[PDB]
file target33.cif (mmCIF, C-alpha atoms)
data_data
#
loop_
_atom_site.label_atom_id
_atom_site.label_comp_id
_atom_site.auth_asym_id
_atom_site.auth_seq_id
_atom_site.Cartn_x
_atom_site.Cartn_y
_atom_site.Cartn_z
CA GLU A 51 9.03 9.07 -25.70
CA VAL A 52 7.50 6.70 -23.15
CA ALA A 53 4.45 4.54 -23.77
CA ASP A 54 1.03 5.44 -22.38
CA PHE A 55 -0.28 3.71 -19.29
CA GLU A 56 -3.63 3.29 -17.67
CA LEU A 57 -3.74 2.38 -13.98
CA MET A 58 -6.30 2.59 -11.20
CA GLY A 59 -5.34 4.37 -7.97
CA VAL A 60 -6.18 3.32 -4.43
CA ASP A 61 -8.74 6.17 -4.69
CA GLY A 62 -10.56 4.22 -7.48
CA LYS A 63 -9.71 6.85 -10.10
CA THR A 64 -8.27 5.72 -13.42
CA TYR A 65 -5.05 7.58 -14.37
CA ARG A 66 -3.73 7.77 -17.90
CA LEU A 67 -0.25 9.22 -18.61
CA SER A 68 -1.58 10.81 -21.82
CA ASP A 69 -3.97 12.92 -19.69
CA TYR A 70 -0.88 14.97 -18.82
CA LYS A 71 0.47 15.83 -22.30
CA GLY A 72 1.68 19.41 -22.15
CA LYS A 73 2.71 19.20 -18.48
CA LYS A 74 5.80 17.94 -16.69
CA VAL A 75 5.35 14.75 -14.61
CA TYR A 76 7.16 13.60 -11.48
CA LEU A 77 6.60 9.87 -10.88
CA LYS A 78 7.74 8.27 -7.64
CA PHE A 79 8.10 4.49 -7.53
CA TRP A 80 7.94 3.00 -4.04
CA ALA A 81 6.92 0.01 -1.92
CA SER A 82 5.27 -0.49 1.46
CA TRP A 83 8.33 -2.18 2.99
CA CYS A 84 10.79 0.60 2.03
CA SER A 85 11.51 2.67 5.17
CA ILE A 86 13.14 5.56 3.28
CA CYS A 87 10.06 5.63 0.96
CA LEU A 88 7.71 5.83 3.89
CA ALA A 89 9.83 8.55 5.55
CA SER A 90 9.79 10.65 2.37
CA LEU A 91 6.09 10.45 1.50
CA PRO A 92 5.26 13.57 3.57
CA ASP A 93 7.57 15.50 1.23
CA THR A 94 6.06 13.88 -1.88
CA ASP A 95 2.64 14.89 -0.58
CA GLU A 96 3.74 18.51 -0.13
CA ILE A 97 5.23 18.57 -3.64
CA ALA A 98 1.86 17.34 -4.95
CA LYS A 99 -0.13 19.85 -2.87
CA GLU A 100 1.95 22.77 -4.16
CA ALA A 101 1.91 21.71 -7.84
CA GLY A 102 -0.60 24.31 -9.00
CA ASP A 103 -0.39 24.31 -12.80
CA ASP A 104 3.39 23.77 -12.95
CA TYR A 105 3.64 19.95 -12.96
CA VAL A 106 1.80 16.76 -12.02
CA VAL A 107 2.76 14.26 -9.27
CA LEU A 108 1.98 10.53 -9.46
CA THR A 109 3.23 7.66 -7.37
CA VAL A 110 3.31 3.95 -8.28
CA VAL A 111 3.31 0.72 -6.26
CA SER A 112 3.53 -2.69 -7.88
CA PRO A 113 1.67 -5.44 -5.96
CA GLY A 114 3.24 -8.88 -6.26
CA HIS A 115 6.55 -7.48 -7.55
CA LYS A 116 9.81 -6.69 -5.73
CA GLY A 117 8.39 -8.03 -2.51
CA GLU A 118 5.27 -5.89 -2.43
CA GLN A 119 2.03 -7.11 -0.83
CA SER A 120 -0.87 -8.33 -2.96
CA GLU A 121 -3.19 -5.66 -4.28
CA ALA A 122 -5.93 -6.37 -1.73
CA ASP A 123 -3.51 -6.44 1.21
CA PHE A 124 -1.81 -3.25 0.01
CA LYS A 125 -5.10 -1.37 -0.19
CA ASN A 126 -6.01 -2.34 3.38
CA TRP A 127 -2.49 -1.52 4.66
CA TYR A 128 -2.52 1.90 2.97
CA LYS A 129 -5.58 2.97 5.07
CA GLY A 130 -3.14 3.37 7.95
CA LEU A 131 -1.34 6.14 6.03
CA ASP A 132 -2.45 9.76 5.70
CA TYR A 133 -1.49 11.59 2.49
CA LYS A 134 -4.31 13.80 1.27
CA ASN A 135 -2.62 14.93 -1.94
CA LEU A 136 -0.86 11.83 -3.25
CA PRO A 137 -2.12 9.61 -6.09
CA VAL A 138 -1.09 5.97 -5.44
CA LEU A 139 -1.38 4.06 -8.70
CA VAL A 140 -1.45 0.30 -8.49
CA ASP A 141 0.37 -1.82 -11.15
CA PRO A 142 0.14 -5.54 -10.32
CA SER A 143 1.69 -6.31 -13.74
CA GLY A 144 5.09 -4.87 -12.83
CA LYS A 145 5.40 -3.42 -16.33
CA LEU A 146 6.08 0.21 -15.40
CA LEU A 147 9.03 -0.97 -13.29
CA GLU A 148 10.46 -2.52 -16.43
CA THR A 149 9.83 0.40 -18.75
CA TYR A 150 11.36 3.00 -16.35
CA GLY A 151 14.33 0.74 -15.52
CA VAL A 152 13.52 0.76 -11.82
CA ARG A 153 16.01 -1.32 -9.83
CA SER A 154 15.66 -0.05 -6.25
CA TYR A 155 13.27 2.07 -4.21
CA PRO A 156 12.45 4.82 -4.14
CA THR A 157 13.06 5.76 -7.75
CA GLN A 158 12.21 9.29 -8.96
CA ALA A 159 11.23 9.68 -12.62
CA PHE A 160 10.88 12.92 -14.56
CA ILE A 161 8.87 13.17 -17.76
CA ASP A 162 8.74 16.23 -19.99
CA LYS A 163 5.73 18.01 -21.52
CA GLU A 164 6.36 16.30 -24.82
CA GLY A 165 6.22 13.03 -22.90
CA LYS A 166 9.86 11.90 -23.03
CA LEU A 167 11.47 10.28 -19.96
CA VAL A 168 14.21 12.82 -19.13
CA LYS A 169 15.72 11.44 -15.92
CA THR A 170 15.53 8.70 -13.32
CA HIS A 171 17.18 8.88 -9.95
CA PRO A 172 17.48 5.81 -7.71
CA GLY A 173 17.18 6.65 -4.04
CA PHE A 174 16.24 9.52 -1.83
CA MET A 175 15.99 12.98 -3.40
CA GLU A 176 15.62 16.10 -1.28
CA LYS A 177 12.40 18.07 -1.86
CA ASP A 178 14.08 21.22 -3.20
CA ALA A 179 16.18 19.11 -5.59
CA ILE A 180 13.03 17.46 -7.01
CA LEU A 181 11.50 20.91 -7.52
CA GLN A 182 14.66 22.29 -9.19
CA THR A 183 14.84 19.23 -11.47
CA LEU A 184 11.26 19.97 -12.56
CA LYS A 185 12.20 23.59 -13.27
CA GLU A 186 15.01 22.48 -15.57
CA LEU A 187 12.52 20.61 -17.78
CA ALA A 188 11.06 22.71 -20.62
#
call {"tool": "encode", "arguments": {"input": "target33.cif", "output": "structure tokens"}}
result
Amino acid sequence: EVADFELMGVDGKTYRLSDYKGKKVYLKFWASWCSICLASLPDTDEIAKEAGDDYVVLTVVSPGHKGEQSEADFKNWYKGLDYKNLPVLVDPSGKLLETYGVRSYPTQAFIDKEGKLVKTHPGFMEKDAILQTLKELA
């Protein structure tokens, strides 16, 4: 059972993990400098767009940690990107990295409906594999 979090997105919305009790969550940790992260975001966006009622997609960047830009620089830089369906939660404290044991980017995290962290996967994951992993959660 993972702890709750409350983070603001680049969209200004405040996201709380507990809002999603009862649904599966796919969390993608990434950073602006990570080329494989940037190359995979179109797939993450499609996974988010197709979620329907089956699961929720969130992504997390951590300004000031692991080489990431400051929060203000990150927000400006992200305006050059175009992902209509992707929440980008900002955590300048670096605490989520610690709690999910994130050691490299990207890292995929899968949380069940009951709210337990089920799986983390360091590195690239193919879109259909992310979707199948979600199906295997209750």
call {"tool": "residues_around", "arguments": {"input": "target33.cif", "residues": "residue 91 in chain A", "least_positions_apart": "5", "cutoff": "12 Å", "atoms": "only C-alpha atoms", "output": "ChimeraX atom specification"}}
result
/A:78-82,84-86,96-98,107-109,131-138,156,174-177
call {"tool": "write_last_selection", "arguments": {"input": "target33.cif", "atoms": "C-alpha atoms", "output": "PDB file, keeping the file's coordinate frame"}}
result
ATOM      1  CA  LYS A  78       7.740   8.270  -7.640  1.00  0.00           C
ATOM      2  CA  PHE A  79       8.100   4.490  -7.530  1.00  0.00           C
ATOM      3  CA  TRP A  80       7.940   3.000  -4.040  1.00  0.00           C
ATOM      4  CA  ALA A  81       6.920   0.010  -1.920  1.00  0.00           C
ATOM      5  CA  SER A  82       5.270  -0.490   1.460  1.00  0.00           C
ATOM      6  CA  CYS A  84      10.790   0.600   2.030  1.00  0.00           C
ATOM      7  CA  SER A  85      11.510   2.670   5.170  1.00  0.00           C
ATOM      8  CA  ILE A  86      13.140   5.560   3.280  1.00  0.00           C
ATOM      9  CA  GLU A  96       3.740  18.510  -0.130  1.00  0.00           C
ATOM     10  CA  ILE A  97       5.230  18.570  -3.640  1.00  0.00           C
ATOM     11  CA  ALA A  98       1.860  17.340  -4.950  1.00  0.00           C
ATOM     12  CA  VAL A 107       2.760  14.260  -9.270  1.00  0.00           C
ATOM     13  CA  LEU A 108       1.980  10.530  -9.460  1.00  0.00           C
ATOM     14  CA  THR A 109       3.230   7.660  -7.370  1.00  0.00           C
ATOM     15  CA  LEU A 131      -1.340   6.140   6.030  1.00  0.00           C
ATOM     16  CA  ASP A 132      -2.450   9.760   5.700  1.00  0.00           C
ATOM     17  CA  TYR A 133      -1.490  11.590   2.490  1.00  0.00           C
ATOM     18  CA  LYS A 134      -4.310  13.800   1.270  1.00  0.00           C
ATOM     19  CA  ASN A 135      -2.620  14.930  -1.940  1.00  0.00           C
ATOM     20  CA  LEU A 136      -0.860  11.830  -3.250  1.00  0.00           C
ATOM     21  CA  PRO A 137      -2.120   9.610  -6.090  1.00  0.00           C
ATOM     22  CA  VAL A 138      -1.090   5.970  -5.440  1.00  0.00           C
ATOM     23  CA  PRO A 156      12.450   4.820  -4.140  1.00  0.00           C
ATOM     24  CA  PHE A 174      16.240   9.520  -1.830  1.00  0.00           C
ATOM     25  CA  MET A 175      15.990  12.980  -3.400  1.00  0.00           C
ATOM     26  CA  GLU A 176      15.620  16.100  -1.280  1.00  0.00           C
ATOM     27  CA  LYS A 177      12.400  18.070  -1.860  1.00  0.00           C
TER      28      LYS A 177
END
call {"tool": "atom_distance", "arguments": {"input": "target33.cif", "atom1": "CA of residue 55 in chain A", "atom2": "CA of residue 100 in chain A"}}
result
24.4 Å
call {"tool": "residues_around", "arguments": {"input": "target33.cif", "residues": "residue 149 in chain A", "least_positions_apart": "6", "cutoff": "12 Å", "atoms": "all atoms listed in the file", "output": "list in words"}}
result
residues 51, 52, 53, 54, 55, 143, 159, 167 and 170 of chain A
call {"tool": "closest_residue", "arguments": {"input": "target33.cif", "among": "A:152, A:161, A:187, A:60", "to": "residue 129 in chain A", "atoms": "all atoms listed in the file"}}
result
A:60
call {"tool": "closest_atom_pairs", "arguments": {"input": "target33.cif", "of": "range 136-164 of chain A", "to": "range 69-73 of chain A", "cutoff": "12 Å", "atoms": "only C-alpha atoms", "output": "JSON lines"}}
result
{"residue": "A:160", "atom": "CA", "partner": "A:73", "partner_atom": "CA", "distance": 11.0}
{"residue": "A:161", "atom": "CA", "partner": "A:73", "partner_atom": "CA", "distance": 8.7}
{"residue": "A:162", "atom": "CA", "partner": "A:73", "partner_atom": "CA", "distance": 6.9}
{"residue": "A:163", "atom": "CA", "partner": "A:72", "partner_atom": "CA", "distance": 4.3}
{"residue": "A:164", "atom": "CA", "partner": "A:72", "partner_atom": "CA", "distance": 6.2}
call {"tool": "residues_around", "arguments": {"input": "target33.cif", "residues": "range 112-126 of chain A", "least_positions_apart": "3", "cutoff": "6 Å", "atoms": "all atoms listed in the file", "output": "list in words"}}
result
residues 129, 140, 141, 142 and 144 of chain A
call {"tool": "atom_distance", "arguments": {"input": "target33.cif", "atom1": "CA of residue 178 in chain A", "atom2": "CA of residue 63 in chain A"}}
result
28.6 Å
call {"tool": "closest_residue", "arguments": {"input": "target33.cif", "among": "A:139, A:75, A:89, A:110", "to": "residue 165 in chain A", "atoms": "all atoms listed in the file"}}
result
A:75
call {"tool": "atom_distance", "arguments": {"input": "target33.cif", "atom1": "CA of residue 150 in chain A", "atom2": "CA of residue 111 in chain A"}}
result
13.1 Å
